[PDB]
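This document starts with one chain, in the form deposited in one PDB entry, laid out as structure tokens.
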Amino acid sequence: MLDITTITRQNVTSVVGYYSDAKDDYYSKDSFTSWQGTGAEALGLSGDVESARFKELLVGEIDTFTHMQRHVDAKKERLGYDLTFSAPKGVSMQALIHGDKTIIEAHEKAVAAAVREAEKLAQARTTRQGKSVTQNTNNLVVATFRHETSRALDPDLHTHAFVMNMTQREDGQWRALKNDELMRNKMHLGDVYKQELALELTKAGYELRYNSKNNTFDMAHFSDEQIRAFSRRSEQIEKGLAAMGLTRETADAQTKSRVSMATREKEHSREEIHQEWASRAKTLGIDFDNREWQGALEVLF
């Protein structure tokens, strides 16, 4: 389950929360950031993501000697690509309300696996014989940010895998990515994440259910209504489209994406949110004690 958002100088204010949104989270200190990608290795980046270096690379400052010029209108300058890997809602509820670190490890492994596959799609433009050509570079600079809450204050385990708009070419020059291949492969990269996550959840003893219509899975001990109760943003987007005389099918991803920000809302202690999750789960009659190594293995092969 992957979403791709292009971060430009116009909408860069959507990143203000990469660090603050994780404070007092359940598993943020065991941390919530990591440098990934062979490109990051080349730049000597590893471990936790420091805000100083992140902001430098965001604007194209690779070092004091090298600054990229990715504009011709700087307002439309592309700074990176937010690759958001979200876990299934039921998976989030079990990991965050009941509490199972094993699910956090699976999500991080599935994200790391998905980032590695994405690297095989990195492309850049050179010039040969006066003509412009395209080459495969096989390196990306990725800073991941793991969050536990949605904009509607629901449990939503997801990681922002921020891909800088830079790739090192064969000649050593750092240049802007040719994103075409990455955009076309959104669903494939989500499948890599889903496949790894499902395999790890199965090894942990969770019964999963499969939806062949949209090629997704989730926990099998949650009803379609119990999951809906913790999916307020999806409801807000459906109500938003309904106001436009549209449904999730009649609407295009172009408009549906804008309904997310337009419906998006802008102070509550994390202690309050967590307790609210438990009580609500108790109101719905949810029993989280369901890691018992049972089920018919619906998401096996």
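Take the two forms, superpose them, and find the largest set of C-alpha atoms that agree within 1.5 Å; that set is the rigid core. Numbering starts at 1 and follows the sequence shown.
Absent from the display: the form deposited in another entry. The rest refers to it.
Asks: Which residue moves between this form and the one not shown, judged by a Cα shift of 2 Å or more on the rigid core: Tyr193, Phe217, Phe230, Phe145?
Replies: Comparing the C-alpha positions, the one residue that moves 2 Å or more is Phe230.
Asks: Please say whether, between this form and the one not shown, the C-alpha of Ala251 moves by 2 Å or more once the core is aligned.
Replies: For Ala251, whose C-alpha is compared between this form and the one not shown after core superposition, the shift is 2 Å or more.
Asks: By the 2 angstroms cut-off, has the C-alpha of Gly60 moved between this form and the one not shown once the rigid core is superposed?
Replies: No; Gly60 is a residue whose C-alpha shifts by less than 2 Å between this form and the one not shown when the cores are overlaid.
Asks: Fitting the rigid core first, would the Cα of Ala42 be found 2 Å or more away between this form and the one not shown?
Replies: The answer is no; the displacement is under 2 Å.
Asks: Given that the CA-CA distance for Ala87 and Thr247 shifts by 3 Å or more in the other form, does it become closer or farther?
Replies: More distant in the other form, by 3 Å or more.
Asks: Which way does the C-alpha gap of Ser234 and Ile97 go in the other form, closer or farther, given it changes by 3 angstroms or more?
Replies: Their C-alpha distance shrinks by at least 3 Å in the other form.
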